[PDB]
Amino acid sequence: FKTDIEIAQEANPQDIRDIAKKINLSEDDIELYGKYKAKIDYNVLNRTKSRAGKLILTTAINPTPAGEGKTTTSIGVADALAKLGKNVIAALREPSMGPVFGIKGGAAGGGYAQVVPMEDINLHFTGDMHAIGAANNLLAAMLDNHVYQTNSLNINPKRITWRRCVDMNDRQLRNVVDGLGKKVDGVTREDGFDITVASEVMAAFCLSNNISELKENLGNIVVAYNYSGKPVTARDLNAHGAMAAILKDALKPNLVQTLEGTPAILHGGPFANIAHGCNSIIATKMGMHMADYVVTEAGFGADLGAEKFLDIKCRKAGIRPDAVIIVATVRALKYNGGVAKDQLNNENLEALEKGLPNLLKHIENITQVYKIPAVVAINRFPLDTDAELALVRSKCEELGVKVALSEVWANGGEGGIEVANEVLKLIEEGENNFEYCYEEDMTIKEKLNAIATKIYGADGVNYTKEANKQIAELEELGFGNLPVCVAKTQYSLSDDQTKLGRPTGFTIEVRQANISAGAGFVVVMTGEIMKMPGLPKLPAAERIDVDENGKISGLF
């Protein structure tokens, strides 16, 4: 048994200039950040011909307390396709540095399906998070400056929605009052900080097809409302040009590699509840432009990440997945059947059949609602009996979807050959009549009803009085044509985190709706959301140390 850090330290990563050569990138097309990291110039998309690569989307069932192994499968499949002689790129998200100092930080993946360098990725990496935060906080500085100087835009201070950010888990900054002191020290008002990955800049950063669309999206950001009730934008403050300049280099995707030398692109990392939870469009487009196959993923389960990948990202990017990988484990399905977190290692065919409807619902959503070829990837554990694996296979064969066993955590690309070959079969043969869940012409409530009934399995959607008032205001201002991003719990298809398996007779309770005009969707809240996490009693930072030679210990 080797830890993930031991494995990353014993692997021999190639010079990134050689990794770039695998995808036909020259020295003038990349900017080095050391010998193991590089940023890819996004202008290469204009002076090279596209390869029209295939898009493979990795999703999973609803998260369980001790699983969440979507990324290990994405990397293993990418390494597997490389073993089979394919030109493949893995497209993933960059994690937030903040949580590393609270709860222990981890690898991009795990076991022998990792991305290297592990230490840099968890920390500053190539500086993307700092640039997003600087753009977010510049807009806030220019907003408060306008109100302080003249307020010729007639901004109402009690209606300012823009919040500052920091890449730290600091509960102290959730609710603040600033602008205190002398008359030269600003205008007093209530304010607050989010974690940087929660900023709307991050969502617009990840949903821009190029630098021109980024500057336009940043300008459309609604930061406040005037006394007449009309939105005030970053463009009204003449700030989006400076924000785009701060993000000029950050928008270049970051090129790294897996343990086996497979090219990997890490770019962006928004939330999967108040945002779409996918990596940037630029990274996915660049992969499809430079490679024949692209393996990407979406956060949480297929009811949240895959739904937002298809109904938000793919719509704005003009792309369509050719195959979908649905990751699940026998332990996770038995958890949906009533087994506690301590009894999962024992064989239980009865609870496996009670939790299996969860996997079956995600299969029906991908294959019958969106009409995309799918394959179930089971991360096999040693104590998984042949009767348990045969039951999951039989119930999935009834829906026309194969079940491939995955062992990428211990064997790397060799553990994903069975999944990769089934994906290649789904791409060559098998139909793809990709359909969205809803259409843009529908109203906000019609789109919410389409998601809850088709995807979640609910009978309908209920709204609070505040929700009905906010939604109607959005319709009057012209935001009813945009997609909706539902912020609900990930542990269940419903909004109740205890309804495991496949709930039926339930309804969705909507309590808040806000506009993210930069990214181009409406955030609909079905509960309370923590946009700024807190530090525990004993933060992981207390164990982090540096020796006399500059070597970091205690990160993991």
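Quick note: we count residues from 1 along the sequence shown, nothing fancier.
Taking the recorded C-alpha temperature factors, which stretch has the higher mean, 522 to 530 or 51 to 59? According to the entry, 522 to 530 carries the higher average C-alpha B-factor.
Is the mean CA B factor in the deposited entry higher across 389 to 397 or across 267 to 275? Here the higher of the two C-alpha B-factor means belongs to 389 to 397.
Which one of 186, 133, 106, 305 shows the biggest C-alpha B-factor in the PDB entry? The record points to 106.
Among 240, 171, 163, 469, single out the one with the highest C-alpha B factor in the record, please. If I rank 240, 171, 163, 469 by C-alpha B-factor, first place goes to 469.
Please rank the C-alpha B-factors of the chain's modelled residues and tell me whether residue 112 sits in the lowest, middle or highest third. Its C-alpha B-factor, which the entry lists for residue 112, ranks in the middle third among residues of this chain.
By the recorded C-alpha temperature factor, relative to the other modelled residues in its chain, which third is residue 348 in? CA B-factor rank for residue 348: highest third.
Chain-relative CA temperature factor third for residue 23: Middle third of the chain for residue 23's C-alpha B-factor.
By the recorded C-alpha temperature factor, relative to the other modelled residues in its chain, which third is residue 334 in? Answer is highest: the recorded C-alpha B-factor places it there.
Can you tell me which third, lowest, middle or highest, the CA B-factor of residue 442 falls into for its chain? Top third by C-alpha B-factor.
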